[PDB]
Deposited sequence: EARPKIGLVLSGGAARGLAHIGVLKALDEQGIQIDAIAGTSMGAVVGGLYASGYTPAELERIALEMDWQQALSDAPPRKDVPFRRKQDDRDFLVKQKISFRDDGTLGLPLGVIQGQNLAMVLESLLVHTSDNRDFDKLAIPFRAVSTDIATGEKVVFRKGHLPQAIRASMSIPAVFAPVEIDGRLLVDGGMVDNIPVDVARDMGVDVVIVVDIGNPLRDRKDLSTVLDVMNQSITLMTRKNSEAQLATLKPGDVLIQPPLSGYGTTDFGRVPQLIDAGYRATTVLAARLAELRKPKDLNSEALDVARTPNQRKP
């Protein structure tokens, strides 16, 4: 039987669609041997790697307050430590329920930083440290890994997997009418280079592999008003490929 690696692309609000993919994949009895994730893909995939069920991930997403950069940085770190209190005495990420890699960016040098050991919470928090939303973290000064490897196919392949299931939740560009402020222009820039490394990795997909691309046409990148829809989106997108995933 083939080793299957699950790659979970970066985002924020949009990355809760990852939950619905897991929910489908589990239902369909697809066994994941390795997970690689950036930002939200790293949160969802990390919690799942640690032992959470997609159903519990769903319950947690529907029951918490998504309603300055440093204060939110600490708040995110304390939530992650609470959820992961059961993996305190873990150090090697290969020895979690499922092997797991988070991906982050060394803001000083631009180098990709793949975590494979240490403190799961702290590593996941690095991968999730979106500039102008969560302060970077010091472990190297570290940020959201979207700008270097948003869809870390190659990371997952260096865990020795034969096939990858890749979930691209997309990073839509802002429309001309929404580019009001200077912050808006620069996020757009980050979005542009994020897509460019994303497209590059997606280029390396082979015959064997499976791309999942949830229908998220409507969906605001930071908009957590529609969780149930986001999760359904990933659920349905994956349910549709039940036939193709079956042959793994």
| property | result |
| --- | --- |
| Missing C-alpha runs, given along the deposited sequence, first residue counted as 1 | 1-2, 70-109, 182-183, 293-314 |
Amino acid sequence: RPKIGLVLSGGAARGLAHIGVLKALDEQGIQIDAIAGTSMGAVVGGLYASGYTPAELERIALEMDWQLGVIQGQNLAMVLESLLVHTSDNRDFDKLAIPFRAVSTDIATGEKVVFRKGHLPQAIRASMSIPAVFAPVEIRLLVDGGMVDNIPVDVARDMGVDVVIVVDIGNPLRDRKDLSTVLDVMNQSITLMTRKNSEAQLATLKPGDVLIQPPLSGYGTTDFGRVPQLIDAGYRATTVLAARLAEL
From here on, numbers count along this sequence of modelled residues.
item	value
Higher-scoring stretch by recorded Cα B factor average, 32-40 or 175-183	175-183
Between the two ranges 129-137 and 68-76, the one averaging a larger CA B factor in the entry	68-76
Out of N197, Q213, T191, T222, residue topping the C-alpha B-factor column of the entry	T222
Most elevated Cα B-factor in the entry, residues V166, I107, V163, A97	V163
Third of the chain's Cα B-factor distribution that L205 belongs to, per the entry	highest
Third of the chain's Cα B-factor distribution that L248 belongs to, per the entry	highest
Third of the chain's Cα B-factor distribution that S82 belongs to, per the entry	highest
Lowest, middle or highest third - CA B-factor, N90	highest
Third of the chain, ranked by Cα B-factor, where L241 sits	middle
